[PDB]
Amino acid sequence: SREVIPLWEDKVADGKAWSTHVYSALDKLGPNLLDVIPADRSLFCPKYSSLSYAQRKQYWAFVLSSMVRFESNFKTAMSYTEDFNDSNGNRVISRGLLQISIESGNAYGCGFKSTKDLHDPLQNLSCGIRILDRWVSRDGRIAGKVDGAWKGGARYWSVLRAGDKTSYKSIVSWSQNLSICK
């Protein structure tokens, strides 16, 4: 039985299916994510190195749900025009649960064929897993600005970037107080 349940099961009707999808997608798209022992575990999840494979999947589903909370408040339809440009000089449009954009997302191999695909919560969450799989495993840590460079998921998502703000503070607090982490 699960020890940790993601926050979207509290908020959205389809949240249990989102979890089912994320556990599957972590197996397939997050194998490197699930092998990292992150250097900032003392902040995010003090007992991380003791977690089983299944527990690490529960952990990452929960953290993803806390990112979704502050990126989109669980609104898969969300579409937000940013103040920075894509490769054509057009304003980037961030989409869906994790506020991913189509050009940047597809660079990770997410294979969005239409902008509408980013509003499919399952495709959106899969892409988030690909992004984490790349940076958390490359950088060996979940977040943080280290020696002048943002690391891990903080490379992509503002809510993972340390600052005196509700999103980051909540994500860290909720993570480190998970029973499996504490």
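When you see a residue number, it is the position in the sequence shown, counting from 1.
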query: Residue stretch of maximal mean CA temperature factor, 119-127 vs 150-158; finding: 150-158
query: Of 9-17 and 170-178, the one with larger mean CA B-factor; finding: 9-17
query: Lowest, middle or highest third - CA B-factor, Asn73; finding: middle
query: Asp27 - which third its CA temperature factor falls in, relative to the rest of the chain; finding: highest
query: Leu98 - Cα temperature factor, lowest/middle/highest third of chain; finding: lowest
query: Ranked against its chain, the third holding the CA B-factor of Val63; finding: lowest
query: Lowest, middle or highest third - CA B-factor, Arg134; finding: middle
